[PDB]
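Structure file my_file.cif with mmCIF, N, CA and C atoms:
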data_my_file
loop_
_atom_site.label_atom_id
_atom_site.label_comp_id
_atom_site.auth_asym_id
_atom_site.auth_seq_id
_atom_site.Cartn_x
_atom_site.Cartn_y
_atom_site.Cartn_z
N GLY A 31 -16.70 16.82 8.72
CA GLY A 31 -16.19 15.66 9.47
C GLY A 31 -16.62 15.75 10.92
N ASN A 32 -17.93 15.58 11.16
CA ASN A 32 -18.53 15.52 12.49
C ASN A 32 -18.95 14.08 12.83
N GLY A 33 -19.56 13.90 14.01
CA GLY A 33 -20.12 12.63 14.44
C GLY A 33 -21.23 12.12 13.51
N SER A 34 -21.50 10.82 13.62
CA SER A 34 -22.42 10.08 12.75
C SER A 34 -23.15 9.00 13.56
N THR A 35 -24.46 9.19 13.75
CA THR A 35 -25.36 8.26 14.45
C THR A 35 -26.03 7.25 13.51
N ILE A 36 -25.53 7.12 12.28
CA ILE A 36 -26.06 6.21 11.27
C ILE A 36 -25.67 4.76 11.60
N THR A 37 -26.43 3.80 11.07
CA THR A 37 -26.14 2.37 11.15
C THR A 37 -24.75 2.01 10.63
N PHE A 38 -24.25 0.84 11.06
CA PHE A 38 -22.95 0.31 10.64
C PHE A 38 -22.84 0.10 9.12
N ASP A 39 -23.97 0.08 8.40
CA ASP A 39 -24.08 -0.01 6.94
C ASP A 39 -23.14 0.96 6.21
N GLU A 40 -22.98 2.19 6.72
CA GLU A 40 -22.07 3.18 6.14
C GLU A 40 -20.63 2.68 6.14
N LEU A 41 -20.18 2.18 7.31
CA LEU A 41 -18.89 1.55 7.48
C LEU A 41 -18.78 0.31 6.59
N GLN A 42 -19.82 -0.54 6.54
CA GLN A 42 -19.83 -1.70 5.64
C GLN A 42 -19.68 -1.30 4.16
N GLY A 43 -20.25 -0.16 3.74
CA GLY A 43 -20.08 0.37 2.39
C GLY A 43 -18.66 0.88 2.16
N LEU A 44 -18.19 1.85 2.95
CA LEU A 44 -16.83 2.38 2.77
C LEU A 44 -15.74 1.30 2.97
N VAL A 45 -15.94 0.32 3.86
CA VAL A 45 -14.96 -0.76 4.08
C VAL A 45 -14.98 -1.79 2.93
N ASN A 46 -16.12 -1.96 2.25
CA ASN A 46 -16.29 -2.91 1.15
C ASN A 46 -16.26 -2.24 -0.24
N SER A 47 -16.01 -0.93 -0.31
CA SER A 47 -15.96 -0.15 -1.56
C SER A 47 -14.77 0.81 -1.61
N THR A 48 -14.52 1.57 -0.53
CA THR A 48 -13.38 2.51 -0.44
C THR A 48 -12.11 1.78 0.02
N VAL A 49 -12.20 1.01 1.11
CA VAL A 49 -11.08 0.20 1.63
C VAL A 49 -10.78 -0.98 0.72
N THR A 50 -11.78 -1.73 0.22
CA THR A 50 -11.55 -2.87 -0.68
C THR A 50 -10.59 -2.49 -1.81
N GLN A 51 -10.75 -1.28 -2.37
CA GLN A 51 -9.90 -0.76 -3.43
C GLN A 51 -8.46 -0.52 -2.96
N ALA A 52 -8.27 -0.02 -1.73
CA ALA A 52 -6.97 0.25 -1.13
C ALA A 52 -6.08 -1.00 -1.08
N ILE A 53 -6.65 -2.14 -0.65
CA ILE A 53 -5.96 -3.44 -0.64
C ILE A 53 -5.52 -3.81 -2.05
N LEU A 54 -6.47 -3.86 -3.00
CA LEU A 54 -6.22 -4.25 -4.39
C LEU A 54 -5.14 -3.36 -5.02
N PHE A 55 -5.30 -2.03 -4.89
CA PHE A 55 -4.37 -1.02 -5.39
C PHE A 55 -2.97 -1.23 -4.83
N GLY A 56 -2.84 -1.36 -3.50
CA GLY A 56 -1.58 -1.68 -2.83
C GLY A 56 -0.90 -2.92 -3.38
N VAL A 57 -1.66 -4.01 -3.59
CA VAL A 57 -1.16 -5.28 -4.12
C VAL A 57 -0.57 -5.09 -5.53
N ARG A 58 -1.41 -4.70 -6.50
CA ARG A 58 -0.97 -4.50 -7.90
C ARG A 58 0.20 -3.52 -7.99
N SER A 59 0.15 -2.43 -7.21
CA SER A 59 1.17 -1.39 -7.19
C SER A 59 2.50 -1.91 -6.65
N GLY A 60 2.49 -2.57 -5.48
CA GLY A 60 3.69 -3.16 -4.88
C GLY A 60 4.32 -4.23 -5.78
N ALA A 61 3.49 -5.10 -6.36
CA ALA A 61 3.94 -6.10 -7.33
C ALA A 61 4.58 -5.46 -8.57
N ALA A 62 3.93 -4.45 -9.18
CA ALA A 62 4.46 -3.69 -10.31
C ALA A 62 5.81 -3.02 -9.97
N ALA A 63 5.94 -2.43 -8.78
CA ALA A 63 7.22 -1.92 -8.29
C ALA A 63 8.30 -3.02 -8.24
N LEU A 64 8.02 -4.16 -7.60
CA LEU A 64 8.96 -5.28 -7.50
C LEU A 64 9.48 -5.75 -8.87
N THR A 65 8.58 -6.05 -9.82
CA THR A 65 8.98 -6.49 -11.16
C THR A 65 9.84 -5.43 -11.87
N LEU A 66 9.52 -4.14 -11.74
CA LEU A 66 10.33 -3.07 -12.35
C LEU A 66 11.74 -3.01 -11.72
N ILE A 67 11.85 -3.20 -10.39
CA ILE A 67 13.12 -3.14 -9.66
C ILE A 67 14.08 -4.18 -10.24
N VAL A 68 13.68 -5.45 -10.23
CA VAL A 68 14.50 -6.54 -10.78
C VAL A 68 14.85 -6.26 -12.25
N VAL A 69 13.89 -5.82 -13.08
CA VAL A 69 14.14 -5.48 -14.49
C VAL A 69 15.28 -4.47 -14.61
N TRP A 70 15.26 -3.37 -13.85
CA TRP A 70 16.37 -2.41 -13.86
C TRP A 70 17.71 -3.03 -13.43
N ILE A 71 17.70 -3.94 -12.44
CA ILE A 71 18.90 -4.64 -11.96
C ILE A 71 19.54 -5.52 -13.06
N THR A 72 18.73 -6.25 -13.84
CA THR A 72 19.21 -7.20 -14.87
C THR A 72 19.11 -6.65 -16.29
N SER A 73 17.89 -6.37 -16.77
CA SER A 73 17.61 -5.85 -18.11
C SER A 73 18.33 -4.54 -18.40
N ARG A 74 18.68 -3.79 -17.34
CA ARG A 74 19.44 -2.53 -17.40
C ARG A 74 18.84 -1.53 -18.40
N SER A 75 17.51 -1.59 -18.55
CA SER A 75 16.72 -0.73 -19.43
C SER A 75 16.97 0.74 -19.12
N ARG A 76 16.59 1.62 -20.06
CA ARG A 76 16.77 3.07 -19.93
C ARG A 76 16.34 3.55 -18.55
N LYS A 77 17.22 4.32 -17.90
CA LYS A 77 17.01 4.94 -16.60
C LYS A 77 15.59 5.53 -16.52
N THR A 78 14.79 4.97 -15.63
CA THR A 78 13.41 5.36 -15.41
C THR A 78 13.33 6.82 -14.95
N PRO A 79 12.21 7.51 -15.20
CA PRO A 79 12.06 8.91 -14.82
C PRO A 79 12.05 9.07 -13.29
N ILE A 80 12.49 10.23 -12.82
CA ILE A 80 12.51 10.59 -11.39
C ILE A 80 11.15 10.38 -10.72
N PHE A 81 10.05 10.69 -11.43
CA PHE A 81 8.69 10.51 -10.95
C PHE A 81 8.38 9.04 -10.66
N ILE A 82 8.84 8.12 -11.53
CA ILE A 82 8.69 6.67 -11.35
C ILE A 82 9.45 6.24 -10.11
N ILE A 83 10.75 6.57 -10.02
CA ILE A 83 11.60 6.17 -8.90
C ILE A 83 11.04 6.73 -7.59
N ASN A 84 10.70 8.02 -7.54
CA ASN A 84 10.11 8.65 -6.37
C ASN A 84 8.77 8.00 -5.97
N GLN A 85 7.87 7.76 -6.93
CA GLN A 85 6.59 7.08 -6.72
C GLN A 85 6.81 5.71 -6.07
N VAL A 86 7.57 4.83 -6.73
CA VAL A 86 7.81 3.47 -6.23
C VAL A 86 8.56 3.50 -4.90
N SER A 87 9.58 4.36 -4.74
CA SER A 87 10.32 4.53 -3.49
C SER A 87 9.38 4.84 -2.33
N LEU A 88 8.58 5.91 -2.43
CA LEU A 88 7.59 6.23 -1.39
C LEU A 88 6.68 5.04 -1.12
N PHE A 89 6.07 4.47 -2.17
CA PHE A 89 5.15 3.34 -2.05
C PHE A 89 5.78 2.15 -1.31
N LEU A 90 7.03 1.80 -1.63
CA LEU A 90 7.81 0.74 -0.99
C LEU A 90 7.96 0.97 0.52
N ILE A 91 8.48 2.15 0.93
CA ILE A 91 8.64 2.48 2.35
C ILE A 91 7.28 2.51 3.05
N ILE A 92 6.31 3.27 2.51
CA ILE A 92 4.97 3.42 3.10
C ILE A 92 4.31 2.05 3.31
N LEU A 93 4.42 1.15 2.31
CA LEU A 93 4.01 -0.25 2.42
C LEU A 93 4.68 -0.92 3.61
N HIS A 94 6.02 -0.97 3.64
CA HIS A 94 6.76 -1.62 4.72
C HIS A 94 6.36 -1.06 6.08
N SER A 95 6.33 0.27 6.26
CA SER A 95 5.97 0.92 7.52
C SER A 95 4.56 0.53 7.99
N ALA A 96 3.56 0.60 7.10
CA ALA A 96 2.19 0.16 7.38
C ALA A 96 2.13 -1.33 7.75
N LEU A 97 2.78 -2.20 6.96
CA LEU A 97 2.89 -3.63 7.28
C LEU A 97 3.58 -3.84 8.64
N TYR A 98 4.60 -3.06 8.98
CA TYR A 98 5.34 -3.21 10.22
C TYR A 98 4.44 -2.93 11.42
N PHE A 99 3.74 -1.80 11.42
CA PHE A 99 2.76 -1.48 12.46
C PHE A 99 1.67 -2.55 12.55
N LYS A 100 1.06 -2.94 11.42
CA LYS A 100 0.01 -3.97 11.42
C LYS A 100 0.53 -5.33 11.89
N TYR A 101 1.78 -5.69 11.58
CA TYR A 101 2.42 -6.94 11.98
C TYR A 101 2.64 -7.00 13.50
N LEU A 102 3.13 -5.91 14.10
CA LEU A 102 3.28 -5.83 15.55
C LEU A 102 1.92 -5.81 16.26
N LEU A 103 0.96 -5.00 15.79
CA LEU A 103 -0.38 -4.93 16.40
C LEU A 103 -1.19 -6.22 16.21
N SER A 104 -0.97 -6.96 15.11
CA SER A 104 -1.65 -8.22 14.76
C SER A 104 -1.61 -9.24 15.90
N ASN A 105 -0.52 -9.25 16.68
CA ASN A 105 -0.40 -10.09 17.86
C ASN A 105 -1.08 -9.49 19.10
N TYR A 106 -0.95 -8.17 19.32
CA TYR A 106 -1.54 -7.46 20.46
C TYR A 106 -3.07 -7.59 20.51
N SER A 107 -3.77 -6.98 19.55
CA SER A 107 -5.24 -6.96 19.45
C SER A 107 -5.67 -6.08 18.27
N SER A 108 -6.72 -6.52 17.56
CA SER A 108 -7.33 -5.78 16.45
C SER A 108 -8.74 -5.26 16.79
N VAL A 109 -9.10 -5.23 18.09
CA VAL A 109 -10.41 -4.83 18.62
C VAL A 109 -10.24 -4.02 19.91
N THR A 110 -10.45 -2.70 19.84
CA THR A 110 -10.42 -1.80 21.01
C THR A 110 -11.72 -1.88 21.80
#
Take the structure in the file and give it back as structure tokens.
Amino acid sequence: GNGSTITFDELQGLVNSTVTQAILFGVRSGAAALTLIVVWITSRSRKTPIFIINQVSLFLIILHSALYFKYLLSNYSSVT
């Protein structure tokens, strides 16, 4: 993890291949968490495993915290 004098193409690749996936993954994952939450509230299905609750719990908070920082900065500036 040193400096890089390469063209912006590298960033265009990782932003359109590594980051592009992060957005999609976050969306499907957050949506899947939401639908499961309501299902447990109403359907009262068998108590989900600790790994499921811990996974979705972390993802929910981490999502909100990231959105909160991006929401406040979105007004300030997105270009240093």
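Taking atom N of residue 90 of chain A as the reference point, atom N of residue 50 of chain A is found at 19.2 Å.
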**Item:** In chain A, DSSP alpha helix (DSSP H) residues written as an NGL selection string
**Value:** :A and (39-47 or 49-72 or 80-106)
**Asked** What is the distance, in Å and to one decimal place, between atom C of residue 87 of chain A and atom CA of residue 103 of chain A?
**Response**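 Taking atom C of residue 87 of chain A as the start and atom CA of residue 103 of chain A as the end point, the length is 23.3 Å.
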